[PDB]
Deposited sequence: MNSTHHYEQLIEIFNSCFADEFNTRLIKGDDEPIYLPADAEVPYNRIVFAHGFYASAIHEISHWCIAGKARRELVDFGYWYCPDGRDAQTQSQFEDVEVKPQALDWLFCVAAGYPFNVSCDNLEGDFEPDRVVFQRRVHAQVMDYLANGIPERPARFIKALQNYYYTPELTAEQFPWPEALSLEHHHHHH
């Protein structure tokens, strides 16, 4: 499969534009959240640069909502999303924390919004069910 940020916009919107009135938007240098207003009547998650990985990361942050602690769960969702999409995921100590969080999600449950997005990615890209074996321990 190819991987283009435009695909993530369509997949995200298919998942969330109705139920949560939220859409994904390609921006400039800034990640932004812009609430619905009277002119543009839907919430916007804006990601920086026309870059697949950038869009993934903002979707993860939206799903969740010293810097290391704040970033563990969003980066775990990043990893889950990347594997669900067939996209490569991207020191060692931190990624091992992220790996443990991925295992926590797989073992104990993925929250509703990222779970929905993962299922949609799998149908969009024709990928198999997630297994923990697809997430190698950082070495």
Missing residue ranges, deposited sequence indexing starting at 1: 1 to 2, 68 to 92, 118 to 130, 180 to 190
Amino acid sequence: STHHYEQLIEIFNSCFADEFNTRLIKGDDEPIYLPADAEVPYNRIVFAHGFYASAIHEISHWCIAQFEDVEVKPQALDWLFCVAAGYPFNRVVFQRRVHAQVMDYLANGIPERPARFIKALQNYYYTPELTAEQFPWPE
From here on, numbers count along this sequence of modelled residues.
Of 121 to 129 and 16 to 24, the stretch whose C-alpha atoms average the higher B-factor in the entry: 121 to 129
Segment of higher mean CA temperature factor, 107 to 115 or 35 to 43: 107 to 115
Peak C-alpha temperature factor (PDB record), options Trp79, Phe67, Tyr52, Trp62: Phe67
Candidate set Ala84, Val102, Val92, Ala48 [ranked by C-alpha B-factor, highest]: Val92
Chain-relative CA temperature factor third for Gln7: lowest
Third of the chain, ranked by Cα B-factor, where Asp29 sits: middle
